[PDB]
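Participant: You'll find data10.tsv just under this line, and it carries TSV, C-alpha atoms and all ligand atoms.
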```tsv
chain	number	residue	atom	x	y	z
A	2	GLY	CA	-7.39	173.08	119.25
A	3	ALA	CA	-10.80	171.95	117.81
A	4	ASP	CA	-14.38	172.74	118.94
A	5	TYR	CA	-15.48	169.17	118.04
A	6	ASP	CA	-13.38	166.22	119.05
A	7	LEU	CA	-14.76	163.23	117.16
A	8	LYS	CA	-13.83	159.55	117.19
A	9	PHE	CA	-13.70	157.04	114.29
A	10	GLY	CA	-13.41	153.37	115.16
A	11	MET	CA	-12.53	150.47	112.91
A	12	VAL	CA	-11.63	146.78	112.85
A	13	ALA	CA	-8.98	147.13	110.10
A	14	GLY	CA	-5.44	147.89	111.22
A	15	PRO	CA	-3.07	150.81	110.62
A	16	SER	CA	-1.43	149.41	107.47
A	17	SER	CA	-4.80	148.73	105.71
A	18	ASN	CA	-6.38	150.55	102.77
A	19	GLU	CA	-9.34	151.31	105.14
A	20	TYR	CA	-6.93	153.11	107.51
A	21	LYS	CA	-5.42	155.01	104.53
A	22	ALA	CA	-8.87	156.23	103.49
A	23	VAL	CA	-9.97	157.06	107.09
A	24	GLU	CA	-6.71	159.06	107.60
A	25	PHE	CA	-7.57	160.94	104.38
A	26	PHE	CA	-11.08	161.54	105.72
A	27	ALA	CA	-9.66	162.91	109.05
A	28	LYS	CA	-7.25	165.20	107.14
A	29	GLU	CA	-9.92	166.49	104.83
A	30	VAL	CA	-12.27	167.23	107.77
A	31	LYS	CA	-9.54	169.04	109.78
A	32	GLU	CA	-8.62	171.15	106.71
A	33	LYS	CA	-12.11	172.03	105.47
A	34	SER	CA	-13.40	172.78	108.98
A	35	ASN	CA	-10.49	175.21	109.48
A	36	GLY	CA	-9.38	173.17	112.44
A	37	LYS	CA	-12.76	173.21	114.13
A	38	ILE	CA	-13.04	169.41	113.96
A	39	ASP	CA	-10.32	166.93	114.96
A	40	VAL	CA	-10.79	163.18	114.33
A	41	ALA	CA	-9.12	160.51	116.47
A	42	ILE	CA	-8.86	157.05	114.88
A	43	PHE	CA	-9.14	153.75	116.82
A	44	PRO	CA	-8.18	150.92	114.46
A	45	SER	CA	-7.44	147.30	115.19
A	46	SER	CA	-10.71	146.77	117.16
A	47	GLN	CA	-9.40	149.01	119.98
A	48	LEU	CA	-13.06	149.91	120.78
A	49	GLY	CA	-14.39	146.42	120.04
A	50	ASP	CA	-15.48	144.80	116.81
A	51	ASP	CA	-17.79	146.37	114.25
A	52	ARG	CA	-20.97	145.06	115.94
A	53	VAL	CA	-19.92	146.86	119.18
A	54	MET	CA	-18.99	149.98	117.22
A	55	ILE	CA	-22.26	150.15	115.30
A	56	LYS	CA	-24.02	149.86	118.65
A	57	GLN	CA	-21.86	152.71	120.04
A	58	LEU	CA	-23.00	154.95	117.08
A	59	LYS	CA	-26.58	154.00	117.90
A	60	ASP	CA	-26.07	154.91	121.56
A	61	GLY	CA	-24.18	158.14	120.78
A	62	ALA	CA	-20.97	156.89	122.30
A	63	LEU	CA	-18.93	156.87	119.10
A	64	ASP	CA	-19.10	159.31	116.17
A	65	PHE	CA	-17.96	157.32	113.10
A	66	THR	CA	-17.31	153.77	112.05
A	67	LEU	CA	-17.09	151.54	109.00
A	68	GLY	CA	-19.57	148.81	108.29
A	69	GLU	CA	-20.74	146.65	105.44
A	70	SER	CA	-24.33	146.92	104.16
A	71	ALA	CA	-24.50	143.23	104.91
A	72	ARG	CA	-23.53	143.76	108.55
A	73	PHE	CA	-26.93	145.40	109.11
A	74	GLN	CA	-28.32	141.91	109.04
A	75	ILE	CA	-27.65	141.93	112.84
A	76	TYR	CA	-30.69	144.23	113.04
A	77	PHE	CA	-32.57	143.87	109.74
A	78	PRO	CA	-32.01	140.30	108.41
A	79	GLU	CA	-32.99	141.27	104.86
A	80	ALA	CA	-29.68	143.11	104.57
A	81	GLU	CA	-27.97	139.69	104.35
A	82	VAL	CA	-28.64	139.84	100.58
A	83	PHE	CA	-25.46	141.90	100.18
A	84	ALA	CA	-23.28	139.06	101.40
A	85	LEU	CA	-25.08	136.02	99.92
A	86	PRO	CA	-22.23	134.23	98.24
A	87	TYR	CA	-21.92	134.74	94.47
A	88	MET	CA	-25.15	136.80	94.39
A	89	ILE	CA	-23.58	140.23	93.76
A	90	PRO	CA	-21.23	140.27	90.80
A	91	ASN	CA	-19.47	143.62	91.22
A	92	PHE	CA	-19.28	146.79	93.23
A	93	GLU	CA	-21.44	148.83	90.79
A	94	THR	CA	-24.32	146.43	91.37
A	95	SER	CA	-23.81	146.48	95.18
A	96	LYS	CA	-23.83	150.31	95.36
A	97	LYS	CA	-26.86	150.67	93.12
A	98	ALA	CA	-28.68	147.97	94.98
A	99	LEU	CA	-28.29	149.93	98.21
A	100	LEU	CA	-28.86	153.45	96.92
A	101	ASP	CA	-31.11	153.19	93.88
A	102	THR	CA	-33.66	150.48	94.64
A	103	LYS	CA	-36.81	150.67	96.68
A	104	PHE	CA	-35.44	147.79	98.85
A	105	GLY	CA	-32.20	149.62	99.53
A	106	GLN	CA	-33.83	152.94	100.19
A	107	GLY	CA	-36.21	151.25	102.61
A	108	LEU	CA	-33.29	149.73	104.44
A	109	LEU	CA	-31.41	153.08	104.66
A	110	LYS	CA	-34.59	154.65	106.15
A	111	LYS	CA	-34.77	151.95	108.85
A	112	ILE	CA	-31.15	152.40	109.73
A	113	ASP	CA	-31.73	156.16	110.23
A	114	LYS	CA	-35.08	155.78	112.12
A	115	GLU	CA	-34.36	152.80	114.33
A	116	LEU	CA	-30.59	152.71	114.72
A	117	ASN	CA	-29.83	156.42	114.83
A	118	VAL	CA	-27.19	156.10	112.06
A	119	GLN	CA	-26.67	157.79	108.74
A	120	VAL	CA	-24.72	156.42	105.73
A	121	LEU	CA	-22.38	159.18	104.51
A	122	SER	CA	-20.83	157.32	101.54
A	123	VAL	CA	-20.36	153.85	100.00
A	124	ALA	CA	-16.98	152.30	99.12
A	125	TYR	CA	-15.63	148.98	97.82
A	126	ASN	CA	-13.83	146.71	100.30
A	127	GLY	CA	-12.85	143.93	97.91
A	128	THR	CA	-13.98	140.45	97.08
A	129	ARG	CA	-13.13	137.66	99.59
A	130	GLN	CA	-10.67	134.85	98.71
A	131	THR	CA	-9.50	131.85	100.80
A	132	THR	CA	-6.06	131.33	102.33
A	133	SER	CA	-4.97	128.00	103.86
A	134	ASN	CA	-2.19	125.78	105.00
A	135	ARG	CA	-3.01	123.13	102.35
A	136	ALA	CA	-3.81	123.48	98.65
A	137	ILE	CA	-7.38	124.13	97.70
A	138	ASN	CA	-7.61	122.67	94.20
A	139	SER	CA	-11.42	122.20	94.10
A	140	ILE	CA	-14.39	122.29	96.46
A	141	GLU	CA	-13.42	118.79	97.61
A	142	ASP	CA	-10.43	120.28	99.48
A	143	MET	CA	-12.77	122.38	101.67
A	144	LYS	CA	-14.15	119.25	103.29
A	145	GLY	CA	-13.20	119.23	106.94
A	146	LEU	CA	-10.90	122.25	106.54
A	147	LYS	CA	-10.82	124.19	109.79
A	148	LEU	CA	-11.81	127.60	108.36
A	149	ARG	CA	-11.80	130.69	110.52
A	150	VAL	CA	-14.71	132.99	109.76
A	151	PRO	CA	-15.67	136.33	111.26
A	152	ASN	CA	-18.59	136.28	113.69
A	153	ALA	CA	-21.16	136.72	110.93
A	154	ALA	CA	-24.00	134.44	109.86
A	155	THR	CA	-23.25	134.55	106.12
A	156	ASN	CA	-19.56	133.62	106.42
A	157	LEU	CA	-20.47	130.78	108.82
A	158	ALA	CA	-23.00	129.53	106.26
A	159	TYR	CA	-20.46	129.81	103.39
A	160	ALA	CA	-17.97	127.59	105.39
A	161	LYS	CA	-20.73	125.10	106.36
A	162	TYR	CA	-22.20	124.75	102.84
A	163	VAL	CA	-18.79	124.09	101.23
A	164	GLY	CA	-18.03	121.36	103.81
A	165	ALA	CA	-15.62	123.15	106.07
A	166	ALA	CA	-15.52	123.25	109.87
A	167	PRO	CA	-16.47	126.91	110.59
A	168	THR	CA	-14.50	128.42	113.47
A	169	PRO	CA	-15.81	132.01	114.30
A	170	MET	CA	-13.22	134.32	115.74
A	171	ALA	CA	-12.61	138.04	115.95
A	172	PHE	CA	-10.35	139.59	113.30
A	173	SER	CA	-7.74	140.58	115.91
A	174	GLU	CA	-7.14	136.89	116.75
A	175	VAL	CA	-6.61	135.59	113.24
A	176	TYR	CA	-2.93	135.99	112.52
A	177	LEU	CA	-1.91	134.00	115.61
A	178	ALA	CA	-4.48	131.31	114.77
A	179	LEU	CA	-3.02	130.87	111.29
A	180	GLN	CA	0.60	130.99	112.56
A	181	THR	CA	0.03	128.28	115.14
A	182	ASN	CA	-2.26	126.15	112.90
A	183	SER	CA	-5.10	126.50	115.39
A	184	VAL	CA	-7.13	126.85	112.21
A	185	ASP	CA	-6.26	125.70	108.71
A	186	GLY	CA	-7.33	128.85	106.82
A	187	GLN	CA	-9.36	132.06	106.67
A	188	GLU	CA	-11.12	134.13	104.04
A	189	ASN	CA	-10.76	137.88	103.27
A	190	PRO	CA	-10.07	140.19	100.36
A	191	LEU	CA	-6.58	140.35	98.91
A	192	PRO	CA	-5.67	143.74	100.32
A	193	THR	CA	-6.56	142.49	103.81
A	194	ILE	CA	-4.44	139.41	103.36
A	195	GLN	CA	-1.56	141.79	102.59
A	196	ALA	CA	-2.22	144.39	105.37
A	197	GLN	CA	-2.50	141.81	108.11
A	198	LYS	CA	0.38	139.80	106.69
A	199	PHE	CA	-1.69	136.61	106.54
A	200	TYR	CA	0.45	135.70	103.49
A	201	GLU	CA	3.39	135.32	105.98
A	202	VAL	CA	1.58	132.50	107.73
A	203	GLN	CA	-0.36	130.84	104.88
A	204	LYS	CA	1.33	128.91	102.17
A	205	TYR	CA	-1.76	128.84	99.87
A	206	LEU	CA	-4.32	131.26	98.37
A	207	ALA	CA	-7.44	130.08	96.42
A	208	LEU	CA	-9.41	132.51	94.33
A	209	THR	CA	-12.88	131.47	95.56
A	210	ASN	CA	-14.32	134.95	94.83
A	211	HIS	CA	-17.19	134.13	97.19
A	212	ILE	CA	-18.43	137.33	98.92
A	213	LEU	CA	-18.16	140.92	97.70
A	214	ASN	CA	-17.76	143.45	100.58
A	215	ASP	CA	-18.84	147.05	100.35
A	216	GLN	CA	-17.89	149.58	103.03
A	217	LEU	CA	-20.20	152.24	104.50
A	218	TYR	CA	-18.87	155.39	106.13
A	219	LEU	CA	-21.31	155.61	109.10
A	220	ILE	CA	-22.08	158.58	111.43
A	221	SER	CA	-24.23	158.69	114.60
A	222	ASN	CA	-27.25	160.99	114.38
A	223	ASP	CA	-26.10	162.33	117.81
A	224	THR	CA	-22.90	163.52	116.12
A	225	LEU	CA	-24.81	165.25	113.31
A	226	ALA	CA	-26.96	166.86	116.00
A	227	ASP	CA	-23.79	168.07	117.86
A	228	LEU	CA	-22.33	169.70	114.62
A	229	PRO	CA	-23.52	172.97	113.05
A	230	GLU	CA	-24.95	172.64	109.57
A	231	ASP	CA	-21.85	173.99	107.80
A	232	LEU	CA	-19.66	171.35	109.63
A	233	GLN	CA	-22.21	168.68	108.81
A	234	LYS	CA	-21.58	169.52	105.15
A	235	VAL	CA	-17.80	169.34	105.72
A	236	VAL	CA	-18.18	165.83	107.12
A	237	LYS	CA	-20.48	164.65	104.31
A	238	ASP	CA	-18.25	166.02	101.56
A	239	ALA	CA	-15.11	164.52	103.15
A	240	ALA	CA	-16.80	161.10	103.39
A	241	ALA	CA	-17.60	161.29	99.66
A	242	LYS	CA	-13.98	161.93	98.72
A	243	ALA	CA	-12.71	159.26	101.20
A	244	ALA	CA	-15.03	156.58	99.75
A	245	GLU	CA	-13.79	157.25	96.21
A	246	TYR	CA	-10.19	156.96	97.36
A	247	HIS	CA	-11.07	153.81	99.41
A	248	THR	CA	-12.60	152.12	96.39
A	249	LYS	CA	-9.58	153.00	94.18
A	250	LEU	CA	-7.22	151.52	96.76
A	251	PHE	CA	-9.10	148.21	96.76
A	252	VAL	CA	-9.51	147.98	92.93
A	253	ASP	CA	-5.82	148.77	92.32
A	254	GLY	CA	-4.79	146.33	95.10
A	255	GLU	CA	-6.87	143.50	93.58
A	256	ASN	CA	-5.47	144.01	90.20
A	257	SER	CA	-1.93	143.61	91.47
A	258	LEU	CA	-1.81	141.43	94.55
A	259	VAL	CA	-1.82	137.87	93.18
A	260	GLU	CA	1.53	138.52	91.53
A	261	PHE	CA	2.80	140.12	94.65
A	262	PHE	CA	1.82	137.14	96.68
A	263	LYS	CA	3.47	134.70	94.31
A	264	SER	CA	6.65	136.68	94.58
A	265	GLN	CA	6.46	136.18	98.38
A	266	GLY	CA	6.27	132.37	97.97
A	267	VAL	CA	2.49	132.00	98.19
A	268	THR	CA	1.04	129.25	95.94
A	269	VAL	CA	-2.10	130.54	94.25
A	270	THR	CA	-4.84	128.17	93.04
A	271	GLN	CA	-7.89	128.90	90.90
A	272	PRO	CA	-10.51	126.24	91.73
A	273	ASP	CA	-13.49	125.70	89.43
A	274	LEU	CA	-16.15	127.93	91.05
A	275	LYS	CA	-19.15	126.19	89.44
A	276	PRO	CA	-19.47	123.70	92.32
A	277	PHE	CA	-18.90	126.50	94.94
A	278	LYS	CA	-21.83	128.41	93.42
A	279	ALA	CA	-23.95	125.25	93.32
A	280	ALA	CA	-23.12	124.41	96.93
A	281	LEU	CA	-24.46	127.84	98.09
A	282	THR	CA	-27.56	128.00	95.91
A	283	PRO	CA	-29.71	126.42	98.60
A	284	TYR	CA	-28.59	129.01	101.17
A	285	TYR	CA	-30.46	131.55	98.94
A	286	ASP	CA	-33.54	129.48	99.75
A	287	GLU	CA	-32.83	129.89	103.50
A	288	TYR	CA	-32.59	133.63	102.96
A	289	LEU	CA	-35.97	133.62	101.15
A	290	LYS	CA	-37.59	131.60	103.98
A	291	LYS	CA	-36.23	133.96	106.69
A	292	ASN	CA	-37.12	137.25	104.93
A	293	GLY	CA	-40.32	136.65	102.99
A	294	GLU	CA	-41.50	139.05	100.30
A	295	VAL	CA	-38.87	141.72	101.24
A	296	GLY	CA	-36.21	139.10	100.54
A	297	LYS	CA	-37.86	138.17	97.30
A	298	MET	CA	-37.91	141.79	96.21
A	299	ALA	CA	-34.25	142.30	97.19
A	300	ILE	CA	-33.15	139.40	95.03
A	301	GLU	CA	-35.29	140.50	92.04
A	302	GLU	CA	-33.94	144.03	92.12
A	303	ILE	CA	-30.35	142.83	92.35
A	304	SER	CA	-30.99	140.42	89.52
A	305	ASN	CA	-32.36	143.20	87.39
A	306	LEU	CA	-29.31	145.38	88.12
A	307	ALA	CA	-26.84	142.59	87.53
A	308	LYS	CA	-28.56	142.23	84.11
A	309	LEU	CA	-27.45	145.79	83.23
B	401	LIG	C1	-16.31	147.02	108.40
B	401	LIG	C2	-15.57	145.88	109.11
B	401	LIG	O1	-15.28	145.86	110.33
B	401	LIG	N1	-15.25	144.86	108.30
B	401	LIG	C3	-14.56	143.68	108.82
B	401	LIG	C4	-15.28	142.36	108.32
B	401	LIG	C5	-16.72	142.20	108.75
B	401	LIG	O2	-16.85	142.25	110.21
B	401	LIG	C6	-17.38	140.89	108.23
B	401	LIG	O3	-17.16	140.83	106.83
B	401	LIG	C7	-18.87	140.75	108.55
B	401	LIG	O4	-19.63	141.95	108.09
B	401	LIG	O5	-14.64	141.17	108.90
B	401	LIG	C8	-13.28	141.10	108.51
B	401	LIG	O6	-13.21	140.88	107.05
B	401	LIG	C9	-12.83	139.84	109.19
B	401	LIG	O7	-12.98	139.73	110.44
B	401	LIG	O8	-12.31	138.93	108.51
B	401	LIG	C10	-12.46	142.31	108.95
B	401	LIG	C11	-13.11	143.56	108.38
B	401	LIG	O9	-12.41	144.73	108.79
```
Any chance you could put this one into structure tokens?
Ligand SMILES: CC(=O)N[C@H]1[C@H]([C@H](O)[C@H](O)CO)O[C@](O)(C(=O)O)C[C@@H]1O
Facilitator:
Amino acid sequence: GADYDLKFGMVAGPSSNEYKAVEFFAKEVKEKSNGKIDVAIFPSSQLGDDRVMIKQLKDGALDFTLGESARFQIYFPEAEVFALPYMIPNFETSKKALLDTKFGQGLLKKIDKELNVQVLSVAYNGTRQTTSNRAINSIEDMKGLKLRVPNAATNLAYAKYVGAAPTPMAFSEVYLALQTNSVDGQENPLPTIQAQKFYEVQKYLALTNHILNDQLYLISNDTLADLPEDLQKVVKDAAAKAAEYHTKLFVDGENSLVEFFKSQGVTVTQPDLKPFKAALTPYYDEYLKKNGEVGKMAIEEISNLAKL
């Protein structure tokens, strides 16, 4: 078969838009390399979660993974800006904030230099909404709600600041937790709610619109070093096409999925978001205290972009 047998790990499962785009990536790479590269895919946290996988890219033990810009906060806390709730208004602002600002370029350089990882392309992974086993009519209904979050500082802070009881748990554990009422809710973009069938086990959806997720196609520098230049170019080009498809999948899913969910019996609320935004405002201050002048710059540059 192939000269290069590469591995691509992800948290998302095999019915997800992420998996659809990663399968497209693997196909494009096999075709354009003339069969010289073959890509195996390990979804559903088969290799661990995304923190483990990012570490495996760093260590040269895994070739590819997906990760949010914001996830880099586990190494470079200033990256948290990408996840601060209600701070980034759309994908265009997120992508330009990473690629076209001095802050973002500085962060990409650190990732390459210190973590041994290159960003191949940037995709949209949806805006997070809140499912539950009780109606969320306003921020008041968050109070004491047992809200699963991923194992991520910003989602923990979101739950805390709205009044909820944050319960961190790996993605792979969520469906059972919802089904059994071990937690009262969780929070994820619409397409994820569909792919994991969380709508099967949650009677309610609230459009809290709280955190916008991007999605980085990541490659280990050890992988790039293992590939000849012309196959490096194949990989880079394929990642560019896959990200565009990935983003389209999420945009078209978001535009359609509330109606789908209603048709499956889900009750869909639209709480006033003004008090959600006000509740999180002070967490921006925590960010600024933790990250100093780099943090300040990040927020100014995003503000300027959002203004366009
Ligand atoms: C690239 C990646 O693995 N994204 C995953 C994210 C991030 O881990 C989290 O947003 C913190 O960055 O968590 C999920 O939304 C979740 O567990 O609910 C699953 C999703 O597949």
Participant: For each of A:151, A:266, A:145, A:105, take the minimum atom-to-atom distance to ligand LIG 401 (chain B), counting all atoms listed in the file, then give the residue where this is smallest.
Facilitator: A:151
Participant: Considering all atoms listed in the file, give me a table of residues in chain A that are at most 7 Å from ligand LIG 401 (chain B), with the closest atom pair and distance in Å for each, as a tab-separated table.
Facilitator:
```
residue	atom	partner	partner_atom	distance
A:11	CA	B:LIG401	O1	6.0
A:12	CA	B:LIG401	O1	4.5
A:13	CA	B:LIG401	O9	4.4
A:50	CA	B:LIG401	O1	6.6
A:51	CA	B:LIG401	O1	4.7
A:67	CA	B:LIG401	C1	4.6
A:68	CA	B:LIG401	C1	3.7
A:69	CA	B:LIG401	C1	5.3
A:71	CA	B:LIG401	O4	6.0
A:72	CA	B:LIG401	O4	4.3
A:150	CA	B:LIG401	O8	6.5
A:151	CA	B:LIG401	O7	4.4
A:152	CA	B:LIG401	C7	6.8
A:153	CA	B:LIG401	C7	5.2
A:171	CA	B:LIG401	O7	5.8
A:172	CA	B:LIG401	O7	3.9
A:188	CA	B:LIG401	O8	6.7
A:189	CA	B:LIG401	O6	5.4
A:214	CA	B:LIG401	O3	6.8
A:216	CA	B:LIG401	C1	6.2
```
Participant: Looking at all atoms listed in the file, which of A:62, A:206, A:220, A:170 is the one that sits closest to residue 136 (chain A)?
Facilitator: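 Selected residue with least distance to residue 136 (chain A): A:206.
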Participant: Which residue, A:95, A:224, A:155, A:132, has the smallest gap to residue 60 (chain A) when you use all atoms listed in the file?
Facilitator: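 Using all atoms listed in the file, the shortest distance to residue 60 (chain A) belongs to A:224.
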Participant: So which residues are close to (2.9, 133.8, 107.0), meaning at most 10 Å away in the file's coordinates with all atoms listed in the file counted, and can you show them as a ChimeraX atom specification?
Facilitator: /A:134,176-177,179-180,194,197-205,265-267
Participant: Keeping only C-alpha atoms, take the residues you just selected and write them out as a PDB file, in the frame of the given file.
Facilitator:
```pdb
ATOM      1  CA  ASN A 134      -2.190 125.780 105.000  1.00  0.00           C
ATOM      2  CA  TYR A 176      -2.930 135.990 112.520  1.00  0.00           C
ATOM      3  CA  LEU A 177      -1.910 134.000 115.610  1.00  0.00           C
ATOM      4  CA  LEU A 179      -3.020 130.870 111.290  1.00  0.00           C
ATOM      5  CA  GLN A 180       0.600 130.990 112.560  1.00  0.00           C
ATOM      6  CA  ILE A 194      -4.440 139.410 103.360  1.00  0.00           C
ATOM      7  CA  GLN A 197      -2.500 141.810 108.110  1.00  0.00           C
ATOM      8  CA  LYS A 198       0.380 139.800 106.690  1.00  0.00           C
ATOM      9  CA  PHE A 199      -1.690 136.610 106.540  1.00  0.00           C
ATOM     10  CA  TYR A 200       0.450 135.700 103.490  1.00  0.00           C
ATOM     11  CA  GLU A 201       3.390 135.320 105.980  1.00  0.00           C
ATOM     12  CA  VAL A 202       1.580 132.500 107.730  1.00  0.00           C
ATOM     13  CA  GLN A 203      -0.360 130.840 104.880  1.00  0.00           C
ATOM     14  CA  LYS A 204       1.330 128.910 102.170  1.00  0.00           C
ATOM     15  CA  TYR A 205      -1.760 128.840  99.870  1.00  0.00           C
ATOM     16  CA  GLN A 265       6.460 136.180  98.380  1.00  0.00           C
ATOM     17  CA  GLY A 266       6.270 132.370  97.970  1.00  0.00           C
ATOM     18  CA  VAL A 267       2.490 132.000  98.190  1.00  0.00           C
TER      19      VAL A 267
END
```
Participant: Region 272-279 of chain A: which residues within 12 Å, counting all atoms listed in the file, same-chain residues fewer than 4 positions away excluded, as a ChimeraX atom specification?
Facilitator: /A:85-89,130-131,136-143,159-164,206-212,283-285
Participant: So that I can see what lies close to residue 9 (chain A), please list as a ChimeraX atom specification the residues with an atom at most 10 Å from it, counting only C-alpha atoms and leaving out residues fewer than 2 positions away in the same chain.
Facilitator: /A:7,11,23-24,27,40-44,48,54,58,63-67,218-220
